[PDB]
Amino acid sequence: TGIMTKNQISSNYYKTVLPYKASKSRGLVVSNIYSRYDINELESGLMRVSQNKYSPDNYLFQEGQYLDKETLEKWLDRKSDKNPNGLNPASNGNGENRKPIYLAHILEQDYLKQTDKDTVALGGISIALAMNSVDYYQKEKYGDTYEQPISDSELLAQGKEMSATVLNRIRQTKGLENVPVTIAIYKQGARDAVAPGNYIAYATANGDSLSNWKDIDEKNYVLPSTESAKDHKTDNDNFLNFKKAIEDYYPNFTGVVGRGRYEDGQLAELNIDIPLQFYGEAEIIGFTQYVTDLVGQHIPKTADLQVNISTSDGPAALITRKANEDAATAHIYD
């Protein structure tokens, strides 16, 4: 056991245990999840789900230590006599009644509680099953890449079934026999998706069986877009005004795009991307000052806000404002 970090950074995060323990499946998520935006959603979102049961006021976070790379890779593979623990369906051809890869990845997070001066004990674990919304496959090397769409209902049904199997195994895993297990089902977006996927449900096992599944209303939108105009017109309009204001004084900077994460239909976090070509540093400074004014005037202060102004060579400026905070803060990279 031991201490932890002292800076939390954000309430959505837990303090992390030290000495640092690196994931026993470190990096697997990068090879299994195509989009970095799905990766962020998966890991950040599972911390969000954990906060329903484990307060960051009282619990510490550690990357998954109990399920290792090799074990996770066996579970992620198709079932088979040579891979009996595989969670995905056994192959029955690449044709029509084909059985897809439903499961792309399994994420483990450990939640520890400090019990005295120098000791922390495991208070619970969270698991995410990252499900495919589109399964990509080839019928031969160098062949075309085919897509099999999977509905929310089918991926939800498969996820619930696999989650049962996963819980039973954790229960048979040394040092996890007792710990409450929280499992969440994540829907990965398509590879060419304009926005990442989202969590869809979760359940908790205090004992030997999962509770009823609770639905999660989480969705990511691009701003501006027809979908945003439709479901969140006010956010879309505000964003369009923000954009137009930028272009009124900076006509060619038209790449302004927003990535809005919604929970229960309310904007929780808006990431505004502004990719630029570099023409000089004063240009960046003045632009960032102006955008900082514009977020004050156009962007609702009920969501966490990040404006990433960057060039090909890296970040140029950052503007941030926390939910319910009046003033944005800007930094010019040096």
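From 1 onward, residues are counted along the sequence shown.
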What stretch has the higher average Cα B-factor here, 148-156 or 93-101? 93-101
Tell me which of 232-240 and 114-122 has the higher mean C-alpha B-factor in the deposited entry. 114-122
Which of these, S133, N88, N206, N220, has its C-alpha atom at the highest B-factor, as the entry lists it? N206
Top Cα B-factor in this entry, restricted to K79, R191, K187, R261, sits on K79
Give the position of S35 by CA B-factor within its chain, expressed as the lowest, middle or highest third. lowest
Entry-reported Cα temperature factor of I332, expressed as the chain third it lands in: lowest
Name the third of the chain's ranked CA B-factors that contains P300, choosing lowest, middle or highest. highest
Should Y66 be placed in the lowest, middle or highest third of its chain by the C-alpha B factor in the entry? middle
Split into thirds by Cα B-factor across the chain's modelled residues, where does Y279 land: lowest, middle or highest? lowest
